[PDB]
Amino acid sequence: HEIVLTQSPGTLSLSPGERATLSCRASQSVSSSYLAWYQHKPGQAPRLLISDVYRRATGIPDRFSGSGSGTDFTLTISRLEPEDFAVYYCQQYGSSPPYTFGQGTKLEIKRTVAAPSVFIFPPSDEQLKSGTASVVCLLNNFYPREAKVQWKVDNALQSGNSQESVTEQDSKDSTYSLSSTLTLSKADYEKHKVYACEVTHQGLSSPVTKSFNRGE
Amino acid sequence: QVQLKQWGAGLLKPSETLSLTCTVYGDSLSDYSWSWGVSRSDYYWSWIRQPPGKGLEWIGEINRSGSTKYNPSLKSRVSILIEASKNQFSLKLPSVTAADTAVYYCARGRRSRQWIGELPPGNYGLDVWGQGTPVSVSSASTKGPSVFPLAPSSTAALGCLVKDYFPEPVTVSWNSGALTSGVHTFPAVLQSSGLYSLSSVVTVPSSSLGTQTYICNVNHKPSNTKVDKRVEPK
């Protein structure tokens with residue numbers, strides 16, 4: 001028995017200038033003295049926003065406010081600014097240990113759908129001398145974040161031999177970029193001809209394939 | 001200016017003991033006078049970690065009285081100590097595994113029910129944070145990266161593959177920082193080999209591929225590895 005926090009939604013997508021409503025629910029009723037909120041941006045420590053009966057911490061502007069009673073608590077950002085897009089955590093602090101955080105809500109910028117530009121890169125001759133082949137597929141400047149990448153090697157669908165990495169939302173155009181890297185040995189790589197990256201994204205009418213033929 | 005200096009070894013091997021320390025500056029842990037604001041007995045010196053892909057996990061806290069509170073998920077392993085004469089408090093975690101790879105933050109917790117004159121904002125929260133110690137638990141040896149070109153093919157895209165390095169991080173720039181527009185440096189991934197890998201890409205006009213020079217600058221501080229790699233059409 002302990003106080004468990006659940007935040008909702010997992011991700012919130014809003015435009016600058018809109019009002020954001022973030023929710024945090026405690027498993028038991030808790031005094032509003034002990035409901036704290038934090039902002040967390042990539043590459044930085046979390047920062048306290050609201051605590052002790054919805055009082056703003058030092059340096060926190062007026063558009064951040066808190067409300068709630070019993071089990072359901074709310075962080076409100078009355079008018080979003082570009083710097084307000086980040087991850088937000090609630091925390092129970094002082095009612096009963098452990099003083100655990102909620103799962104956090106990612107507040108991202110909502111923009112119109114943007115299709116990715118797709119590029120495929122063969123392994124360089126230099127890497128092949130190292131005994132390994134990496135094939136890189138680039139999905140550039142797309143929205144929303146959800147995308148599917150399917151590697152095909154001489155029309156054989158691959159699974160479990162590639163890794164993905166996604167950038168943070170771009171501060172200028174609010175898009176995402178994704179890379180998928182297929183890793184094969186030199187010996188395996190030279191057994192096949194056509195290396196293809198198939199991309200599915202809601203901004204694309206049909207899946208888009210980029211490919212090369214090994215050696216050309 | 002209360003601030004927290006984070007130190008301690010961040011590169012560990014499995015089964016070893018993590019040992020981190022934060023030094024408090026701008027205030028004294030051994031000052032038992034109280035004439036203004038919040039009593040220094042109302043501070044709770046705390047540890048919070050974030051593993052990759054997870055949220056914040058409150059580890060525990062210690063008061064200058066020596067009383068501790070620990071998260072039940074780690075209570076069987078964790079130890080938190082305080083040394084007021086050195087303005088230090090520390091975190092110890094033995095028998096570490098890859099599940100302990102995380103950024104570890106120390107922070108000042110505040111829980112005041114009385115005060116003198118004024119109560120500064122930040123009560124009942126962690127109002128001051130250290131900027132973290134990245135900790136990696138791995139049997140891998142410190143290794144500089146291998147940098148391979150992602151050559152432009154037949155708006156063009158090109159880049160560099162910064163592969164097989166340990167530990168994190170690496171800094172990547174283009175043309176010594178003269179090229180920033182259109183650059184995407186992806187977050188590294190941990191490969192199944194235990195080494196990290198990332199790519200850095202940039203979109204450029206196709207017409208510039210004959211004239212413009214494209215060089216990616218990679219700096220891996222833990223191995224003192226600096227690589228300038230030229231990327232040109234193949």
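Note: hydrogens, waters and symmetry copies are ignored here, and every other heavy atom, side chains too, is used. Letters go in sequence order (proteins before strands), and every chain restarts at 1.
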Let me know which of B:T142, B:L195, B:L198 forms a side chain to side chain contact (heavy atoms under 4.5 Å, CB included) with B:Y165. B:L198
Applying ring-ring contact (aromatic ring centres under 6.0 Å, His included), name anything that partners B:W47, two or more places apart in sequence or on another chain. B:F89
With A:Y189, which residues qualify under ring-ring contact (aromatic ring centres under 6.0 Å, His included), at least two apart? A:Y195
Residues [X] and [Y]: side-chain donor-acceptor under 3.5 angstrom:
X	Y	answer
B:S136	B:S138	no
B:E57	B:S73	yes
A:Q92	A:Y34	no
A:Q127	A:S134	yes
B:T171	B:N219	no
A:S180	A:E164	no
B:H184	A:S177	yes
A:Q7	A:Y89	no
B:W174	B:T180	no
A:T175	A:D170	no

Scan residues 6-43 of chain B for pairs that pass ring pair (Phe, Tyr, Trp, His ring centres under 6.0 Å), counting only residues two or more places apart or in two chains. B:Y43-B:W45
Which residue pairs pass the ring pair (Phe, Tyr, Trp, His ring centres under 6.0 Å) test when at least one of the two sits in residues 98-117 of chain B, sequence neighbours left out? B:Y105-B:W129
For A:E108 and A:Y143, what are the C-alpha separation, side-chain angles and deciding distance, and is it a side chain to side chain contact (heavy atoms under 4.5 Å, CB included)? CA-CA 11 Å; A:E108 61 135 28; A:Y143 186 91; 2.6 Å; yes
[X] side-chain N/O to [Y] backbone N/O, donor-acceptor pair under 3.5 Å:
X	Y	value
B:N63	B:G66	no
A:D84	A:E81	yes
B:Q6	B:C106	yes
B:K229	B:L161	no

For residues 69-78 of chain A, which residue pairs pass the salt bridge (charged side-chain N to carboxylate O under 4.0 Å, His left out) check, not counting sequence neighbours? A:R25-A:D72
CA sep, side-chain torsions, deciding dist, call: B:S90, B:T21, side chain to side chain donor-acceptor pair (under 3.5 Å): CA-CA 4 Å; B:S90 62; B:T21 302; 4.9 Å; no
Look at the aromatic rings of A:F73 and A:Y54 and report parallel, tilted or perpendicular, splitting at 30° and 60°. tilted
Assign the ring pair A:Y99 / B:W58 to parallel, tilted or perpendicular, where the plane angle (0 to 90°) is split at 30° and 60°. perpendicular
Using the rule given for side chain to side chain contact (heavy atoms under 4.5 Å, CB included), can you reason through A:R56 versus A:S65, listing the C-alpha separation, both sets of side-chain angles and the distance that settles it, and then say yes or no? CA-CA 7 Å; A:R56 290 180 270 275; A:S65 63; 4.1 Å; yes
Show the numbers, then the answer: is there a side chain to side chain contact (heavy atoms under 4.5 Å, CB included) between B:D31 and B:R40? CA-CA 8 Å; B:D31 190 343; B:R40 296 177 187 90; 3.5 Å; yes
Any chance NZ of B:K143 has more than 12 other-residue heavy atoms, nucleotides or ligands included, within less than 6.0 Å? yes
Apply the test salt bridge (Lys or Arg N to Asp or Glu O under 4.0 Å) to residues B:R64 and B:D42: give CA-CA distance (whole Å), side-chain angles for both, the deciding distance (0.1 Å), then the verdict. CA-CA 9 Å; B:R64 66 178 181 179; B:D42 293 347; over 6 Å; no
Is B:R110 close enough and on-axis enough to B:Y124, meaning under 6.0 Å and within 45°, for cation-pi? no
Considering only distance and modelled atom types, tabulate donor-acceptor pairs under 3.5 Å from the side chains of residues 79-87 of chain B, sequence neighbours left out.
unit_1 : atom_1 : unit_2 : atom_2 : d
B:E83  : OE2    : B:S85  : OG     : 3.4
B:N87  : OD1    : B:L29  : N      : 3.0
B:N87  : ND2    : B:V24  : O      : 3.0
B:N87  : ND2    : B:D27  : O      : 2.7

Side chain to side chain donor-acceptor pair (under 3.5 Å) for B:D164 and B:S146? Distances and angles first, verdict last. CA-CA 6 Å; B:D164 295 349; B:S146 301; 5.5 Å; no
Run the side chain to side chain contact (heavy atoms under 4.5 Å, CB included) check on A:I77 and A:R19 step by step: do they pass? CA-CA 6 Å; A:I77 313 176; A:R19 186 171 83 118; over 6 Å; no
